[PDB]
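Undergrad: Shown below is the structure under consideration.
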Amino acid sequence: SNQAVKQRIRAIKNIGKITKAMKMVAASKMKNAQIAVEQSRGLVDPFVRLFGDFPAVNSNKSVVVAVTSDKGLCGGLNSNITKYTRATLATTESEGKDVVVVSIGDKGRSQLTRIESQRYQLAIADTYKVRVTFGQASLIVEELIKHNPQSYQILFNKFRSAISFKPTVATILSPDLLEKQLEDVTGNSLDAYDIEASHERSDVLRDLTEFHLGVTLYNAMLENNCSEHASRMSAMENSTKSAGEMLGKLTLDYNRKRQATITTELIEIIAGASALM
Amino acid sequence: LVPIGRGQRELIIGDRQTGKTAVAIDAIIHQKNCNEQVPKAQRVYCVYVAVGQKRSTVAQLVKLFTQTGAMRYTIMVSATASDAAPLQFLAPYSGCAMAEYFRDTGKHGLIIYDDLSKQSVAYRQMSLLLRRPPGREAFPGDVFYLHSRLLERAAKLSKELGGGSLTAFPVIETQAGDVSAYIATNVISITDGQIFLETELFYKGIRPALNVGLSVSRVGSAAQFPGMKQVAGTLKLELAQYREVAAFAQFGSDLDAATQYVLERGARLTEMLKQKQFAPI
Amino acid sequence: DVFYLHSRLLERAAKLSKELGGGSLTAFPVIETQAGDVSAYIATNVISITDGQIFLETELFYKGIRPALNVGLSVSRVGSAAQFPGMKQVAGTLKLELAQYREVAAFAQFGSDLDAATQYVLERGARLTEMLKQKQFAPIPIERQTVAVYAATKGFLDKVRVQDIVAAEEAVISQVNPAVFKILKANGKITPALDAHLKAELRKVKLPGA
Amino acid sequence: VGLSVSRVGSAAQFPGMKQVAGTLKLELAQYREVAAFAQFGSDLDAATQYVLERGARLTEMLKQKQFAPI
Amino acid sequence: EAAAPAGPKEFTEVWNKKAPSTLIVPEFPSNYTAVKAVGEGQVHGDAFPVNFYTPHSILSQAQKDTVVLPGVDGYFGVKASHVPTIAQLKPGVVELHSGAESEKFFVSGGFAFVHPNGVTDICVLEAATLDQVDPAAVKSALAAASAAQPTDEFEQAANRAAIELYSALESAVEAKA
Amino acid sequence: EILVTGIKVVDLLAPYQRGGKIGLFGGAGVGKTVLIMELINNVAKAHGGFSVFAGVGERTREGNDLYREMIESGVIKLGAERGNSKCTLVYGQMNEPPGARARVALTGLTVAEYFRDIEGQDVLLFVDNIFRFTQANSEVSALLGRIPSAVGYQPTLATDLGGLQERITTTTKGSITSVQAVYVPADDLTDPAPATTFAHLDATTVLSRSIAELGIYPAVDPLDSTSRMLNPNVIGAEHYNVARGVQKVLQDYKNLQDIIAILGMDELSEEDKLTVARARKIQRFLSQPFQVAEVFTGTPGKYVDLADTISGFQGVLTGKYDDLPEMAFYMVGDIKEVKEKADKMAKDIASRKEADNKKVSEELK
Amino acid sequence: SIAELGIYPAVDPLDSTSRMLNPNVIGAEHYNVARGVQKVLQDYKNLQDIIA
Amino acid sequence: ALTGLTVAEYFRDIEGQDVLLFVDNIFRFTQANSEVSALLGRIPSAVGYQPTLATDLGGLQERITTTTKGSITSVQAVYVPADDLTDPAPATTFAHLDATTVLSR
Amino acid sequence: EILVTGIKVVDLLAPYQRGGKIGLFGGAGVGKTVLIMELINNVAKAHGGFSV
Amino acid sequence: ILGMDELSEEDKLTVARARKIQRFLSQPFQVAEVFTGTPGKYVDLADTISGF
Ligand SMILES: Nc1ncnc2c1ncn2[C@@H]1O[C@H](COP(=O)(O)OP(=O)(O)OP(=O)(O)O)[C@@H](O)[C@H]1O
Ligand SMILES: Nc1ncnc2c1ncn2[C@@H]1O[C@H](COP(=O)(O)OP(=O)(O)O)[C@@H](O)[C@H]1O
Ligand SMILES: [Mg+2]
Ligand SMILES: [Mg+2]
């Protein structure tokens, strides 16, 4: 029966080297996205210093977008924003608004279908296949724009460092229905900005909020990618420690089983010999 | 999946508490139902020998056999643990002699050696007390000849000698799924089949806990009911394709939506092979 | 007969009756362990004879926690509800805080999730672990021990991070009135007449940690 | 190569072979640590993959052909 | 009119009532920016700060004294205390000047903003520098653009954008210093 | 017939036969003797028949503690009232030489068999650590001119243990409910003395070390202890079906433990997180604070009725209490006290403070 | 373990050897494809700790 | 090694010096004593060793102490048989070792 | 008391108890014989004691 | 897995200190000067403690 614990040591040791390889993979790929996230952080400040930050608005129809990962080696990432989806979708509902939950990533449809399926319409997958590109963001934004909600909420994890992943709600409002309505403070705080558009303000704000949605969704599915590499890094160095301690315990049990088998089969020989002569 | 023909030594091996005795008793209980339907010539006369069992257990089984009516056809050779080790060494043999009368005179016999791993202990006691030198783990080397002299007596004779038969059912108790134990490794090579029962399947709902990857019968589909051969010929394949698709999906990694069906199809079959305590179908 | 060897050796450590002199005898058998296995032959023999255990873990000793008492596996159920009760007031709370620290240190083998109230447990346990450990050949009497565990199971020591408790224990031993030590020794327990003094003295402490 | 050692060492090695075998076993010792990473061939590090392909150069270099003494 | 008193600091207290208390409040993009709109000042002379942006890169964040935006009513220059502006830009060249040095960047179409604090936020998709563009295949690109004229309004819009973009590239490649 | 014991995991997963044998398999520090003292404190008072406690090679201090318990609890009455007593101790504890530990089980069995045969009443034979009888016989058998068998034991182990253990059974004239601790030697269930002892016990309750390492007391392994009364012909279908459900969930958790150890609960699917959450709740819920363990813990002991076991365990199997956390099921009596502890558990998470003033600790009172 | 994978006969493809596997005895085109099949099966065996 | 202890004891007690000793590979002294105690017909102990392992190793290691005359410091190379510190030869060795010095590659 | 052997690492980190026992976990080619010879030379040069 | 220039200033001073301590634990040995040329240096203990 001593052949089980040796092949189990063989299995756990190569699992340990697998995760010792994939911690290298994830911590490497966290850095090649780090030359792009702070660059993709460039267009997220002008819109919020222009439009403000107004999440808790009584929208009539709203598309909340919870962008998740592709491969399910996340480690406190996908289910985190899955619970954050209902936690930021429940404080916003007070009068029964239309809600269109959209999940980006293959690990979104596997988890968000359980809690909110009746308000679940779009599941965008294979988005981190090659890399993240802006025209992909424009296309998914247009596929949200086919419907005409009154607001948007974008649930994504802000990659600040390799330890802290605070999820964020990026807010995108409807241009004439709610965006210009929320700026009404003693007139309009937007009218001090002089328009330099072709047509009126009412259809340049449409272009502005479509660009805002596309930019912030691009930033969301880049920051979730970089925090996914960071969280797979933080999860593959716990599997390495786990397959280190499991290998240590199984090596101790292999040594104890080795000593027990050699002592028992030696006792067998001595009991066979002294009961003969 | 492991069909049992008349003249086959089929081993029922498990852990301490699996469905070992209860899957043997169902073979005796059902021989009340068949023998009230088959003619006189092809009647099966069961013999259940108890080696080293508790004496309250044997009084429960004769309570059970007289409760269902199986005692009309059953001899119950009890070598309880109160009996000395020269009795429990002998009682599988003497049970076979009481059963070989039915193989002598053209009828069909059935014998179930309960816990032959306690016959070897009662042979280990005398051989270590007659000063015979111990071999493996304490057993003398001829503990294979202990069982091979016994299990090879279960045979289906030829048609000039009466045409009788005698189906054995040796029962072996392992420790922790230790099929590499010395006593068990003798009997697995002797018997035609093997019905290996596992306890971690027994608590997962599979009752009888037949570890269906490890249960084979060398007599095979030549000796089964003809209606079940054409039908269940894909059954052992459909359980075979259940295990490796359940050996991959356990991580929570990925589904293929068609191998999800072949894992679902095996799940309608895994719950199909469960049976109750004393139920013959 | 190794079990009979250790049994007839250790079974003579008794607390005799009041008609047989009233004496006693306390054993301390020390069993060498190889790679920390409790499931040996000699270890599991002597555990089924002795009235308790004091498990000394190798990993806790390597990290500078000396003595390395594994408080999870170390049980002694004849001495609890037989000990000095002034210790036993705060010692049950100490047991709960050490058990909570064991549980949350197992739940956080690496620091990634912060709940800001479990961090109070992870601060208190690393404080108490630093309070309980000591230097070699240094006996501490029970009256200078009840005060040092009283001033740590409660507050009065969370002002240091974790570090200077090695100065803070000798600091609170020095800066209390040594009159209260005679009271806590002779009385046996923390009376409210001494509990209010113990709350009173513990806030004027010049603690070197800030 | 990771287990089979000569306790004499390179002191009685053929010179000229000693000029090259010390670098050979050094790259092979780096190879056996960077071994079991060839299955993640899509993920490079551009230097671990260089020593990985050089270990694949040298490990398939030392093959023999069944009573071919050189 | 504005009957929804939203906000990031108000969202904390309305998040504390329905969600369970064990979780930290999620963050907002207002916490990841410090250069605001109505924060008065931020001019300090002739150098006004310029936030030149791009989705995939950041090409300039240092301070300039003149930026010329190719607005749809024409190219117009941005000074220090410029007017608050929401300007949709034509596909053309932006002109980055810090003083005696002048660098010119061809932009592909995208908005540009000035806020009341004198800071600018130039927000364009593809900001191609004039050193990496060619003057050879632009005439072939216009010859492709001046050929395919079907009846679809979608193709008419994309083809007219092609003509205007390629003609702006020609005008911003032929007259170079 | 059923024997109601008032322990949760015992009455649910391996219920004791009133006319059978009861085994406790322990590995030096898992608490088989504390469990048998709680089994005494539950059963031997309500079960009005005579009881025989035969200590075979356990600690002498525990024998003296049992004597000082059974004197002041009215079980043994001394002086002029010796007739009212309900227990007879036979004590061959571990200081006695291995001749004397090899027969003191037989002495306690003869005292039980006189109450069975001649008196004709139902006897509770509480044999303490019957493995020490096999140990004393093995120590003798090295010198008796015999050959050593497997691991170190007697050649005549099986017939000796049978010749003891087939006396302790319930005849037509009397009944002996036998509760035996069986010390496993070195956490080694393949050892021939516990391997022989498994075949003689009607309702084996195996105590493990790993479950004790998680603090779950009593540390009964719920997946290896079983009975013959765990069958739907004697206990009704609801109890058997809830028992098979809780064993199914625990077996699935013990399957998932490997992937949980390597990867964590993050990698698992949501139905498997449901199974793991239910399994942790029913794994802590088998724990209870004992009435004999209150001398070293301060927690008051709780007797759990069989209907409350079936109510609470059926509820946590179906999902009536999925909202409650894990710690609400730790060291609790039954499902009323679970929600009572969930009230206490919630309450202290905020109210943790405010003791600075209005104390007696001013100087002048 | 090959028999449990259903391959009948359950011949272990790696550890089954022969002295008739020398290319100067049976010709080289047999030994080349045999060592190729052995190499491909050994790569699959080294990979099935990661495929698993 | 007892001859080595004798020449070291003459350099310690008579010459009054501070003597070094080098027991080369104490596991082979364990193996030689195991061979002479399996040779004479004594019943072998745990994993394969002599029954007199502890006392016939302590007969060697306990002449290696300080004395009021001089001292003997011995530097014994220790080899672990299966690289297992639960093995009884390093378990009975390491209860005498005072300072270990790991040499690395 | 301590034995000053002269090496910095075995006098600083893991000191040699004068009169005690020393364990070397050597190997091949790691300079164990050079370590032995230097220990002998240093102790015979300074402490006035021989070696065996 | 992160990079050489990644760590903070509180640690990389200790990285330099350990990388100059670990080479400082070496010593020229007098018995190896017959084929290394450099003569050995016997080090006292108090000098080792102070200079470390
Ligand atoms: N088909 C079945 N369905 C449900 N329960 C079963 C079935 N077969 C057996 N059991 C239960 O499993 C338990 C063990 O069955 P069985 O009597 O075969 O054990 P065993 O291995 O024979 O034990 P031993 O070998 O010690 O006698 C019994 O309590 C029985 O009620
Ligand atoms: N219900 C319980 N509550 C708390 N502790 C327990 C309980 N049952 C057993 N224990 C612990 O198990 C330990 C060993 O118990 P005991 O039965 O005396 O050991 P053994 O099983 O070796 O006789 C005791 O120290 C006790 O603390
Ligand atoms: Mg059976
Ligand atoms: Mg006990």
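In the structure tokens, chains take letters A, B, ... by order of appearance, with residues numbered from 1 within each chain and ligands from 1 in the order shown.
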Any residue with an atom at most 6 Å from ligand 2 counts, using only C-alpha atoms and all ligand atoms. Which are they? Put them as an NGL selection string.
TA: (:C and (48 or 75-77)) or (:F and (28-35 or 217-218 or 289-290 or 293))
Undergrad: If you keep N, CA, C and O atoms, can you produce a file of those selected residues as a PDB file, in the first residue's frame?
TA:
```
ATOM      1  N   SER C  48      -1.796   8.569  26.778  1.00  0.00           N
ATOM      2  CA  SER C  48      -2.872   7.833  27.416  1.00  0.00           C
ATOM      3  C   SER C  48      -2.586   7.482  28.871  1.00  0.00           C
ATOM      4  O   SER C  48      -3.390   6.780  29.488  1.00  0.00           O
ATOM      5  N   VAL C  75      -3.605  20.708  26.534  1.00  0.00           N
ATOM      6  CA  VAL C  75      -4.749  20.694  27.433  1.00  0.00           C
ATOM      7  C   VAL C  75      -4.323  20.057  28.746  1.00  0.00           C
ATOM      8  O   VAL C  75      -3.447  19.186  28.771  1.00  0.00           O
ATOM      9  N   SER C  76      -4.882  20.552  29.847  1.00  0.00           N
ATOM     10  CA  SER C  76      -4.653  19.945  31.155  1.00  0.00           C
ATOM     11  C   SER C  76      -5.930  20.156  31.957  1.00  0.00           C
ATOM     12  O   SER C  76      -6.117  21.216  32.560  1.00  0.00           O
ATOM     13  N   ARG C  77      -6.794  19.151  31.963  1.00  0.00           N
ATOM     14  CA  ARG C  77      -8.137  19.325  32.489  1.00  0.00           C
ATOM     15  C   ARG C  77      -8.275  18.934  33.945  1.00  0.00           C
ATOM     16  O   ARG C  77      -9.378  19.016  34.487  1.00  0.00           O
TER      17      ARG C  77
ATOM     18  N   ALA F  28      -5.952   8.355  21.818  1.00  0.00           N
ATOM     19  CA  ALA F  28      -5.180   9.032  22.874  1.00  0.00           C
ATOM     20  C   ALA F  28      -5.283  10.557  22.782  1.00  0.00           C
ATOM     21  O   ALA F  28      -4.361  11.252  22.365  1.00  0.00           O
ATOM     22  N   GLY F  29      -6.450  11.057  23.152  1.00  0.00           N
ATOM     23  CA  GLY F  29      -6.572  12.481  23.374  1.00  0.00           C
ATOM     24  C   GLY F  29      -7.725  13.042  22.592  1.00  0.00           C
ATOM     25  O   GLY F  29      -7.880  14.258  22.447  1.00  0.00           O
ATOM     26  N   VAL F  30      -8.549  12.136  22.078  1.00  0.00           N
ATOM     27  CA  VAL F  30      -9.734  12.533  21.344  1.00  0.00           C
ATOM     28  C   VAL F  30     -10.972  12.509  22.218  1.00  0.00           C
ATOM     29  O   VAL F  30     -12.039  12.968  21.784  1.00  0.00           O
ATOM     30  N   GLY F  31     -10.875  11.974  23.426  1.00  0.00           N
ATOM     31  CA  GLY F  31     -11.944  12.129  24.380  1.00  0.00           C
ATOM     32  C   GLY F  31     -12.942  10.998  24.421  1.00  0.00           C
ATOM     33  O   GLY F  31     -14.143  11.255  24.509  1.00  0.00           O
ATOM     34  N   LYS F  32     -12.485   9.749  24.361  1.00  0.00           N
ATOM     35  CA  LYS F  32     -13.433   8.652  24.492  1.00  0.00           C
ATOM     36  C   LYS F  32     -13.898   8.481  25.926  1.00  0.00           C
ATOM     37  O   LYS F  32     -15.038   8.067  26.154  1.00  0.00           O
ATOM     38  N   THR F  33     -13.058   8.819  26.901  1.00  0.00           N
ATOM     39  CA  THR F  33     -13.465   8.672  28.291  1.00  0.00           C
ATOM     40  C   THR F  33     -14.365   9.823  28.729  1.00  0.00           C
ATOM     41  O   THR F  33     -15.292   9.615  29.511  1.00  0.00           O
ATOM     42  N   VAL F  34     -14.153  11.031  28.206  1.00  0.00           N
ATOM     43  CA  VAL F  34     -15.086  12.120  28.488  1.00  0.00           C
ATOM     44  C   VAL F  34     -16.432  11.843  27.829  1.00  0.00           C
ATOM     45  O   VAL F  34     -17.495  12.096  28.415  1.00  0.00           O
ATOM     46  N   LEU F  35     -16.403  11.269  26.623  1.00  0.00           N
ATOM     47  CA  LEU F  35     -17.631  10.866  25.950  1.00  0.00           C
ATOM     48  C   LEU F  35     -18.347   9.766  26.716  1.00  0.00           C
ATOM     49  O   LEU F  35     -19.575   9.783  26.825  1.00  0.00           O
ATOM     50  N   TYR F 217     -16.036  19.148  19.641  1.00  0.00           N
ATOM     51  CA  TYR F 217     -16.197  18.163  20.680  1.00  0.00           C
ATOM     52  C   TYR F 217     -17.669  17.792  20.805  1.00  0.00           C
ATOM     53  O   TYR F 217     -18.513  18.689  20.931  1.00  0.00           O
ATOM     54  N   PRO F 218     -18.027  16.495  20.775  1.00  0.00           N
ATOM     55  CA  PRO F 218     -17.153  15.325  20.688  1.00  0.00           C
ATOM     56  C   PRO F 218     -16.625  15.090  19.283  1.00  0.00           C
ATOM     57  O   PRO F 218     -17.309  15.411  18.316  1.00  0.00           O
ATOM     58  N   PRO F 289     -21.711  21.288  23.761  1.00  0.00           N
ATOM     59  CA  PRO F 289     -21.028  21.291  25.050  1.00  0.00           C
ATOM     60  C   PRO F 289     -21.644  20.241  25.951  1.00  0.00           C
ATOM     61  O   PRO F 289     -22.866  20.139  26.075  1.00  0.00           O
ATOM     62  N   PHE F 290     -20.791  19.448  26.574  1.00  0.00           N
ATOM     63  CA  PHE F 290     -21.263  18.343  27.385  1.00  0.00           C
ATOM     64  C   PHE F 290     -21.543  18.781  28.811  1.00  0.00           C
ATOM     65  O   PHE F 290     -21.092  19.831  29.269  1.00  0.00           O
ATOM     66  N   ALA F 293     -18.210  18.022  30.555  1.00  0.00           N
ATOM     67  CA  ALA F 293     -17.142  18.928  30.162  1.00  0.00           C
ATOM     68  C   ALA F 293     -17.274  20.310  30.785  1.00  0.00           C
ATOM     69  O   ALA F 293     -16.420  21.168  30.541  1.00  0.00           O
TER      70      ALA F 293
END
```
Undergrad: Around ligand 4, at most 12 Å away and counting only C-alpha atoms and all ligand atoms, which residues are there? Put them as a PyMOL selection string, please.
TA: (chain C and resi 47-52+77) or (chain F and resi 24-37+55-63+65-66+93-94+127-130+132+180-183)
Undergrad: Could you write out that same residue set with C-alpha atoms as a PDB file, in the first residue's frame?
TA:
```pdb
ATOM      1  CA  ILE C  47      -0.412  10.517  26.344  1.00  0.00           C
ATOM      2  CA  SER C  48      -2.872   7.833  27.416  1.00  0.00           C
ATOM      3  CA  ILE C  49      -1.159   7.769  30.840  1.00  0.00           C
ATOM      4  CA  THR C  50      -0.466  11.423  31.604  1.00  0.00           C
ATOM      5  CA  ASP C  51      -3.180  13.771  32.839  1.00  0.00           C
ATOM      6  CA  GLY C  52      -2.369  16.448  30.271  1.00  0.00           C
ATOM      7  CA  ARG C  77      -8.137  19.325  32.489  1.00  0.00           C
TER       8      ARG C  77
ATOM      9  CA  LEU F  24     -15.819   4.011  21.112  1.00  0.00           C
ATOM     10  CA  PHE F  25     -12.650   4.030  19.012  1.00  0.00           C
ATOM     11  CA  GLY F  26     -10.189   6.633  20.218  1.00  0.00           C
ATOM     12  CA  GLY F  27      -6.622   7.672  19.563  1.00  0.00           C
ATOM     13  CA  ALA F  28      -5.180   9.032  22.874  1.00  0.00           C
ATOM     14  CA  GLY F  29      -6.572  12.481  23.374  1.00  0.00           C
ATOM     15  CA  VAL F  30      -9.734  12.533  21.344  1.00  0.00           C
ATOM     16  CA  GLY F  31     -11.944  12.129  24.380  1.00  0.00           C
ATOM     17  CA  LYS F  32     -13.433   8.652  24.492  1.00  0.00           C
ATOM     18  CA  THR F  33     -13.465   8.672  28.291  1.00  0.00           C
ATOM     19  CA  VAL F  34     -15.086  12.120  28.488  1.00  0.00           C
ATOM     20  CA  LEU F  35     -17.631  10.866  25.950  1.00  0.00           C
ATOM     21  CA  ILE F  36     -18.281   7.782  28.052  1.00  0.00           C
ATOM     22  CA  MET F  37     -18.717   9.959  31.156  1.00  0.00           C
ATOM     23  CA  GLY F  55     -12.129  -0.019  34.253  1.00  0.00           C
ATOM     24  CA  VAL F  56      -9.585  -2.047  32.291  1.00  0.00           C
ATOM     25  CA  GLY F  57      -6.263  -0.236  32.219  1.00  0.00           C
ATOM     26  CA  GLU F  58      -7.149   3.447  32.225  1.00  0.00           C
ATOM     27  CA  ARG F  59      -5.944   6.181  34.563  1.00  0.00           C
ATOM     28  CA  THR F  60      -6.381   5.589  38.290  1.00  0.00           C
ATOM     29  CA  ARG F  61      -7.106   9.289  38.872  1.00  0.00           C
ATOM     30  CA  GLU F  62     -10.126   8.952  36.586  1.00  0.00           C
ATOM     31  CA  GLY F  63     -11.295   6.018  38.688  1.00  0.00           C
ATOM     32  CA  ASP F  65     -12.819  11.027  40.066  1.00  0.00           C
ATOM     33  CA  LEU F  66     -15.603   8.646  39.064  1.00  0.00           C
ATOM     34  CA  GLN F  93      -6.392   0.194  36.267  1.00  0.00           C
ATOM     35  CA  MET F  94      -3.053   0.604  34.521  1.00  0.00           C
ATOM     36  CA  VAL F 127     -16.096  -1.372  29.998  1.00  0.00           C
ATOM     37  CA  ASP F 128     -13.345   1.238  29.977  1.00  0.00           C
ATOM     38  CA  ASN F 129     -10.717   0.692  27.263  1.00  0.00           C
ATOM     39  CA  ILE F 130     -11.100  -2.980  26.321  1.00  0.00           C
ATOM     40  CA  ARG F 132      -5.838  -2.772  27.307  1.00  0.00           C
ATOM     41  CA  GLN F 180     -16.829  -0.098  25.453  1.00  0.00           C
ATOM     42  CA  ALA F 181     -14.026   2.285  24.715  1.00  0.00           C
ATOM     43  CA  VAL F 182     -11.528   0.744  22.293  1.00  0.00           C
ATOM     44  CA  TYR F 183      -8.207   2.556  22.289  1.00  0.00           C
TER      45      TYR F 183
END
```
Undergrad: Once DSSP has gone over the backbone, tell me which residues of segment 25-142 of chain E are in strand (DSSP E or B), as a ChimeraX atom specification.
TA: /E:27,48-53,60,63-64,66-71,74-78,85-89,92-97,102-107,111-114,120-123,127-129
Undergrad: Any idea what the distance is between atom CA of residue 28 of chain C and atom CA of residue 44 of chain C?
TA: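 According to the coordinates, atom CA of residue 28 of chain C and atom CA of residue 44 of chain C are separated by 15.9 Å.
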Undergrad: For segment 46-58 of chain E, find every residue with an atom within 8 Å (counting only C-alpha atoms), except residues of its own chain fewer than 3 positions away, and show them as JSON, numbers by chain.
TA: {"A": [36, 39, 40, 42, 43, 134, 215], "E": [42, 43, 61, 62, 63, 64, 65, 79, 80, 81, 98, 118, 119, 120, 121, 122, 123, 124, 125, 126, 127]}
Undergrad: Write the residues you've just listed into a file as a compact mmCIF listing (two decimals), in the first residue's frame, and include N, CA and C atoms for each of them.
TA:
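What ended up in out-v8.txt:
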```txt
# COMPACT_ATOMS: atom_id res chain seq x y z
N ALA A 36 0.29 50.40 -19.71
CA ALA A 36 -0.90 50.81 -20.44
C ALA A 36 -2.03 51.29 -19.55
N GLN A 39 -1.70 54.83 -18.71
CA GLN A 39 -1.98 55.52 -19.96
C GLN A 39 -3.48 55.50 -20.26
N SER A 40 -4.14 54.37 -20.01
CA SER A 40 -5.59 54.31 -20.09
C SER A 40 -6.27 55.03 -18.93
N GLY A 42 -5.63 58.05 -18.53
CA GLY A 42 -5.57 59.43 -18.97
C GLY A 42 -6.94 60.04 -19.23
N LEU A 43 -7.86 59.26 -19.79
CA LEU A 43 -9.14 59.83 -20.18
C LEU A 43 -10.25 59.62 -19.17
N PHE A 134 -9.47 49.66 -28.35
CA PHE A 134 -10.49 50.69 -28.13
C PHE A 134 -11.70 50.49 -29.03
N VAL A 215 -14.95 55.16 -23.50
CA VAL A 215 -13.67 55.34 -22.82
C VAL A 215 -13.67 54.64 -21.47
N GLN E 42 -5.02 78.06 -10.75
CA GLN E 42 -4.44 77.08 -11.67
C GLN E 42 -3.98 77.70 -12.99
N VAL E 43 -3.69 79.00 -12.98
CA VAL E 43 -3.17 79.71 -14.15
C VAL E 43 -1.72 80.12 -13.94
N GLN E 61 1.45 65.96 -20.60
CA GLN E 61 0.74 66.50 -19.45
C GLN E 61 1.40 67.75 -18.89
N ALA E 62 2.54 68.16 -19.44
CA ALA E 62 3.24 69.35 -18.98
C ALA E 62 2.49 70.60 -19.42
N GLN E 63 2.97 71.75 -18.95
CA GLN E 63 2.25 73.00 -19.12
C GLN E 63 2.69 73.71 -20.39
N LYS E 64 1.73 74.28 -21.10
CA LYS E 64 1.95 75.01 -22.33
C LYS E 64 1.49 76.45 -22.15
N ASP E 65 1.75 77.27 -23.17
CA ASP E 65 1.20 78.61 -23.21
C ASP E 65 0.30 78.86 -24.42
N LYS E 79 -5.43 79.97 -24.96
CA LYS E 79 -4.50 80.72 -24.14
C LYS E 79 -4.65 80.33 -22.67
N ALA E 80 -4.03 81.13 -21.79
CA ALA E 80 -3.95 80.79 -20.37
C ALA E 80 -5.33 80.81 -19.71
N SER E 81 -5.96 81.97 -19.64
CA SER E 81 -7.29 82.08 -19.04
C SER E 81 -8.37 81.98 -20.11
N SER E 98 5.06 75.52 -26.15
CA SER E 98 5.44 75.89 -24.79
C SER E 98 6.17 77.22 -24.74
N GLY E 118 -8.74 77.42 -16.14
CA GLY E 118 -7.69 77.64 -17.10
C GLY E 118 -6.93 76.41 -17.54
N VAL E 119 -7.34 75.22 -17.10
CA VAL E 119 -6.69 73.98 -17.49
C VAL E 119 -7.44 73.41 -18.70
N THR E 120 -6.72 72.68 -19.54
CA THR E 120 -7.28 72.10 -20.75
C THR E 120 -7.19 70.58 -20.68
N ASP E 121 -8.13 69.91 -21.36
CA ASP E 121 -8.21 68.46 -21.37
C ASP E 121 -8.44 68.03 -22.81
N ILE E 122 -7.36 67.74 -23.52
CA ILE E 122 -7.47 67.44 -24.94
C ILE E 122 -7.66 65.93 -25.09
N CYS E 123 -8.77 65.53 -25.70
CA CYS E 123 -9.27 64.16 -25.61
C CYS E 123 -9.52 63.61 -27.01
N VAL E 124 -8.49 63.06 -27.64
CA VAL E 124 -8.62 62.57 -29.00
C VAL E 124 -8.17 61.11 -29.05
N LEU E 125 -8.70 60.38 -30.04
CA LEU E 125 -8.54 58.94 -30.12
C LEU E 125 -7.16 58.55 -30.62
N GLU E 126 -6.83 58.94 -31.85
CA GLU E 126 -5.53 58.65 -32.44
C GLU E 126 -4.83 59.98 -32.69
N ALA E 127 -3.82 60.27 -31.88
CA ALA E 127 -3.04 61.50 -31.99
C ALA E 127 -1.71 61.12 -32.63
```
Undergrad: Which residues come within 12 Å of residue 31 of chain I, counting only C-alpha atoms, excluding same-chain residues fewer than 6 positions away, as a PyMOL selection string?
TA: (chain H and resi 103-105) or (chain I and resi 24-25+37-38) or (chain J and resi 29+31-32)
Undergrad: Once you count only C-alpha atoms, what closest atom pair and distance in Å to one decimal does each residue of chain A within 9 Å of chain J have, with rows by chain and rising residue number, as CSV?
TA:
```
residue,atom,partner,partner_atom,distance
A:23,CA,J:1,CA,7.8
A:24,CA,J:1,CA,5.6
A:25,CA,J:1,CA,8.5
A:26,CA,J:1,CA,8.8
A:27,CA,J:1,CA,5.7
A:28,CA,J:1,CA,6.3
A:30,CA,J:2,CA,8.8
A:31,CA,J:2,CA,7.6
```
